[PDB]
């Protein structure tokens, strides 16, 4: 279902059984995944989030992030708990009121408090471009062509331990799928196509953890969008999609009428497709209603390599064409030890006062801000470079920056930098030991912006820092509604 751009969104508890196993959940909009929130580029979004949570097992507080939305001038509406706001308490509501100028494409929204989004609060967010340069490449782009991939757990997030290797109990495609262990024959999702039509498939990772090897038996996929960024056409037969990444791909339904397996193999949890785990069904109108009997190609011959992607627009790369050819170039030490992750030797633990409130209250520099050593200040209108050399315990880590997208100057498993025409995106795999994934952006958005691994269990384990961008201009750029100012007093009073 699609709602927005002006909408209510109730946050409720519900037991659900997507793989046949009932357990508690925290749901946005009553459903799993949440309803698609949609608008057109430049629209004003006004999302009234009513917190009606009762089940403490998964926390009754909440806070919602709009993933890949820049939130310029509205840092207060970003969502990360104790970064830009205190959580909303049960019984209250809060209006996320923001614009999306300049942005179109496929996004998502999730709880940004603790590991709550694992427990169900996740859904797609699409900004339609009425002048999409890609439009002519397909016949169908609508709610039926959104494909979410979700890891699902039989153990409540709050009880995961942590960390501590944690693994999912099934893979859900459009909210249905089968349990990895003692697989029960429960309903699979169907994606219906018509012979000869081309589809804009919007592939959304709403994963708390695993990355997926995504493929469709017998069919090609032509990538045209990555994390909101129109790309030149790239035809692949497999897509490794990491947590919180998005791709639009054109599917040309050019195979014989029939049933074809859709496959999403996670990097942990159940391996293979026995009993139809890691599966959904691509069904042609006119096919018998039966499970597919198709097989994957023994070797995928054109799998997505990220260095093959290039922006549709002439984005280029900011700054100078050599490592550290930036106004402010950074290299972070990313570590894991004794169950916790560190950035520059500091594991992230959420502050009592949100970083935004700290700045609004009078803080002027990173040194003034809590948590100590968990904030790096950035000057305005400056080319930033961030190298994120991998090696920390598993891995591969999908790093994500709030309030910005970025040029991927260096990709996973390839030590050749691209300062000419690399894809821009908002979440990127930093690959493996010896890799040196590197990103560049320009500081044109004052506010405290989260940078973290998007494996939620790793975020909770402290793999995060805040870029406090243009601290002196942060209050003037981001005026707050009284409801925002009411959040922390209500929250602290209740706790």
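Positions refer to the first chain, counted from 1.
For the pair 202-210 and 363-371, the mean Cα B-factor is higher in 363-371. The PDB entry records a higher mean C-alpha B factor for 384-392 than for its counterpart among 384-392 and 166-174. Within the selection 258, 379, 73, 228, the deposited Cα B-factor values reach their highest point at 379.
Considering 441, 66, 32, 450 together, the PDB entry gives 441 the largest C-alpha B factor. Per the PDB record, residue ranking by Cα B-factor puts residue 427 in the lowest third of the chain.
Residue 50: CA B factor lies in the lowest third for its chain, per the PDB record. Residue-level temperature factors show residue 82 in the middle third of its chain, judged at the C-alpha atom. Ranked by C-alpha B-factor against the other modelled residues of its chain, residue 61 falls in the lowest third. Remark: residue 150 belongs to the lowest third of its chain, ranked by C-alpha B-factor as recorded.
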